[PDB]
């Protein structure tokens, strides 16, 4: 995608040399914002082949308030294995904060139902937020939230959403981060009888790993392809009743996939 290749280029020309946790060197910039008008197509990178099936499964897993790996494993989605303990537990990461934020007095707040309530009954609210940055629970999480905080906005029959991402690996993680969130904007929109608007991605430490340089140059050689179309085959009775087979990507013709290794 144009916005994405322009950001890859920006990190190459402007990033400062910064190191990652006792390991790999990175080219790094701080503070960046991109906008995707979801009416123009689904923001799935076409300059390299991306597999959406793990993305869908992880999102549906988050929506259930699930913090254990078992569901992902029944579907052979293995992207959280690296962090999970011996019982498949990741600690109170994303879905637990989304669905059951714990208060000092013993309550558990369902931020996802609050947001749908606000979108239906108070759409002009400037407070339609869900946050995963729970300070009191960060020491028990396998990893602190990267996509930490997001806000919905309604204007002119259209749902927009801005994500704050504290930390971003531009090559491996970001195409996945964008498709994940654009999919949720479409599910929320369908549930509230709204049209989709914009996904605004805002990042903090936005970077490229030094051993991914040959791959980023290979990708920047490539011209972007027409963006694909997401079709949802069914309107579920609530946001928590979606199934993997409800989603289809139509018109997706990427360039070949590129492998990105990581140090250990």
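For clarity, a rigid core is taken as the largest C-alpha set superposing within 1.5 Å between two forms. Residue numbers count along the first chain shown, from 1.
- After superposing on the rigid core, the larger RMS C-alpha deviation in 6 other deposited structures of this protein belongs to 64-72, the other candidate being whichever of 64-72 and 223-231 remains.
- Structural divergence in 6 other deposited structures of this protein between 21-29 and 244-252: following superposition by the core, 21-29 has C-alpha atoms lying farther from the shown form.
- If you average the C-alpha B-factors over 160-168 and over 83-91, the higher value belongs to 83-91.
- Annotation for 14-22 versus 252-260: the higher mean temperature factor (C-alpha) is found in 14-22.
- Looking at 56, 213, 44, 27, the one whose CA carries the top B-factor in the deposited record is 213.
- For the set 239, 196, 60, 200, the maximum C-alpha B-factor listed in the entry falls on 239.
- In the deposited entry, the Cα temperature factor of residue 110 sits in the bottom third of values across the chain's modelled residues.
- Per the PDB record, residue ranking by Cα B-factor puts residue 76 in the highest third of the chain.
- Among the modelled residues of its chain, residue 51 has a C-alpha B-factor that falls in the highest third, as given in the PDB entry.
- In the PDB entry, a CA B factor belonging to the lowest third of its chain's modelled residues is recorded for residue 207.
- Residue 33: CA B factor in the lowest third of modelled residues in this chain (values from the PDB entry).
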